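Here, each number is a calculation from the coordinates, and none is a lab measurement. Using ideal geometry, Cβ is built from the backbone for each residue, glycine included, and neighbour counts are taken over all protein chains shown.
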Amino acid sequence: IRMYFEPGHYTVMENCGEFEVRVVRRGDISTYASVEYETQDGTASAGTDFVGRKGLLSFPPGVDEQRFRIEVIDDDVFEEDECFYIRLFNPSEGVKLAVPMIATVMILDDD
Ligand SMILES: [Ca+2]
Ligand SMILES: [Ca+2]
Ligand SMILES: [Ca+2]
Ligand SMILES: [Ca+2]
């Protein structure tokens, strides 16, 4: 069992409100599996550019992907391109992560 981000890169608009992130499970599909994710600060900041999130992604037997939305924080203040990262971790017993196993998000400014 392998798990990774697909898409691994996300290009998002500051006005976009929310975007879906997607993690995929490959190999044996027949057993329950899970992986934890957590946003991580980059040149973009939790609290000011996006709202931080940590979670558990559960894959029941038979399901090979999980999606989750992340909220982008809009404002009226000019910036240039900025990144933050979502990272995977604590995969359940059978699981080994593959690349990408950290997703990259660029917030394109609009102001
Ligand atoms: Ca910023
Ligand atoms: Ca911003
Ligand atoms: Ca804006
Ligand atoms: Ca802005």
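The Cβ shell under 12 Å around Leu97 holds other residues with a net charge of +4, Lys and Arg each +1, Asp and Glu each -1.
A Gaussian network model of the chain, with springs between Cα atoms under 10 Å, assigns the largest mean-square fluctuation among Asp49, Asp64, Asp76 to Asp76. Counted residue by residue at 0.36 nm each, then reduced by the alpha carbon distance between them, the extension gain from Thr31 to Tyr85 reaches 16.6 nm. The convex hull of the Cα atoms of segment 65-108, projected and averaged over all directions, covers 4.3 nm². For the chain, the relative contact order is 41 percent, taking Cα pairs closer than 8 Å that sit 6 or more residues apart in sequence and dividing their mean separation by the residue count.
Site pair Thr11 and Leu56 shows an inter-label distance of 3.7 nm when each label is modelled 7 Å from Cα along Cα→Cβ. Counting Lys +1, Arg +1, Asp -1, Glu -1, what net charge surrounds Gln66 among other residues with beta carbon under 10 Å of its beta carbon? So the surrounding residues net to +1.
Here the average projected area of the convex hull drawn through the C-alpha atoms of segment 41-87 stands at 4.0 nm². Where both bridge residues fall in the chain, DSSP classifies roughly 80% of the beta bridges as antiparallel. Within the shell of other residues whose beta carbon sits under 15 angstrom from the beta carbon of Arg53, the net charge comes to -2, with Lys and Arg scored +1 and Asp and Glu -1. Taken along the Cα-to-beta-carbon direction at a fixed 7 Å, the label points for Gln40 and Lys96 span 2.1 nm. Counting other Cβ atoms within 10 Å as a rough exposure proxy, the listed residues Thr104, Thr39 run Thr104, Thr39 from fewest neighbours to most.
Sparsely packed loop sites in segment 35-87 (the chymotrypsin sites (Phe, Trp or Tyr not before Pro) outside DSSP H, G, I, E and B with at most 15 other Cβ atoms within 10 Å) comprise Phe78. Principal semi-axes of the equivalent ellipsoid, √(5λ) from the alpha carbon gyration tensor of the chain, are 29, 11, 11 Å from largest down. Given a Förster distance of 30 Å, report the FRET efficiency between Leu108 and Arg67 from their Cβ-Cβ distance, rounded to the nearest 0.05. The value I calculate is 0.90.
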